[PDB]
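Colleague: Got a sequence here, can you build the structure:
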Amino acid sequence: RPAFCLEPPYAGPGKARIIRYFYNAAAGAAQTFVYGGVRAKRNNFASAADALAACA
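Modeller: Residues are numbered from 1 along each chain as shown. Structure data below:
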């Protein structure tokens, strides 16, 4: 699986509040976080299914 699957979720500096998914490798599962809308990192998906397609 890609190494970015091991990154923590990055909310970033932005003022948006957008529900996104990340793969929580410690939990072995997709989870939600709130993304600020700017400067997304790779562990940042539209849906739980997308996070698993990349990281399962």
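
Colleague: So residue 5 belongs to a helix, correct?
Modeller: Yes: assessed by DSSP: H, G, I helix; E, B strand; the rest coil, residue 5 belongs to a helix.

Colleague: Now do the contacts for the nearest residue to it once chain neighbours are set aside.
Modeller: Closest residue in space to residue 5, ignoring its immediate chain neighbours: residue 55 at 3.8 Å, by Cβ to Cβ, 6 or more residues apart in numbering. No exception for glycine: its C-beta is placed from N, CA and C like everyone else's. Residues in contact with residue 55 (Cβ atoms under 8 Å, 6 or more residues apart in numbering) are 1, 2, 5, 23, 25, 30, 43.

Colleague: Show me which of those are buried.
Modeller: 5, 23, 30, 43 (16 or more other Cβ atoms under 10 Å).

Colleague: List the contacts of the third one.
Modeller: If I follow you right, that is residue 30. With Cβ under 8 Å, 6+ apart as the criterion, the residues that contact residue 30 are 21, 22, 23, 24, 45, 48, 49, 51, 52, 55.

Colleague: same thing but at 6 Å, please
Modeller: 21, 23, 48, 51, 52 (Cβ atoms under 6 Å, 6 or more residues apart in numbering).

Colleague: So which of these belong to strands?
Modeller: 21, 23 (DSSP state E).

Colleague: Mind putting the contacts of residue 30 into JSON lines with distance to residue 9?
Modeller: Shown next, in JSON lines, are the contacts of residue 30 (distance: Cβ to Cβ, whole Å):
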{"residue": "21", "distance to residue 9": "9"}
{"residue": "23", "distance to residue 9": "9"}
{"residue": "48", "distance to residue 9": "13"}
{"residue": "51", "distance to residue 9": "10"}
{"residue": "52", "distance to residue 9": "15"}
